Amino acid sequence: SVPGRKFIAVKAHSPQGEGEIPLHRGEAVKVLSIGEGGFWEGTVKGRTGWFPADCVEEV
């Protein structure tokens, strides 16, 4: 465990809905909040949006 909200993408994501962001494996993701339907909200390189939670793992 490390304090804070640092995660890493283990899976890619291609956006398929309003407000979704892409993810690429290995990227740093700051997890901000949770949504409905298995989606979480996070920040990658100055963009924030939705992606499936199963794409990320905590550092």
Side-chain angles (χ1 to χ4, degrees):
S1 309
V2 166
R5 283 291 181 80
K6 300 180 274 248
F7 290 61
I8 299 291
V10 299
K11 305 174 58 184
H13 184 62
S14 187
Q16 299 163 74
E18 182 169 72
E20 290 177 32
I21 55 164
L23 295 178
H24 311 100
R25 175 175 161 167
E27 286 170 346
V29 182
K30 187 178 182 180
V31 169
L32 301 180
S33 74
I34 69 176
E36 185 277 340
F39 288 85
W40 289 3
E41 175 178 63
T43 303
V44 169
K45 296 178 176 183
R47 295 191 297 176
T48 296
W50 301 105
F51 48 78
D54 70 13
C55 296
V56 297
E57 275 298 317
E58 72 172 295
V59 179

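Residue numbers run from 1 in the order of the sequence given.
Nearest heavy atoms, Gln16 versus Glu20: N-OE1, 2.8 Å. Between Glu18 and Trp50, the shortest heavy-atom distance links the atoms O-CD1, 4.1 Å. Between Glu27 and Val44, the shortest heavy-atom distance links the atoms OE1-CG1, 3.9 Å. Considering every non-hydrogen atom in both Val10 and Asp54, the closest pair reads CG2-O, 4.0 Å. Smallest separation of non-hydrogen atoms from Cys55 and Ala12: SG-O, 3.6 Å.
Under the 4.5 Å side-chain heavy-atom criterion for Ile, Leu, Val, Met, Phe, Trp and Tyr, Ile21 and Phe39 are members of distinct hydrophobic clusters. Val29 and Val2 end up in different hydrophobic clusters when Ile, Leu, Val, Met, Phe, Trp and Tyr side chains are linked at under 4.5 Å.
Two residues are said to be in side-chain contact when any heavy atoms from C-beta on lie closer than 4.5 Å; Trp40 and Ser33 fail this criterion. Put simply, the side chain of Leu23 does not reach to within 4.5 Å of the side chain of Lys11, judged on heavy atoms.
Judged by distance alone, the side chain of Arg5 and the main-chain N or O of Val31 form a donor-acceptor pair under 3.5 Å.
Note that CZ of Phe7 and CD of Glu57 are 7.5 Å apart. Values are rounded to the nearest 0.5 Å.
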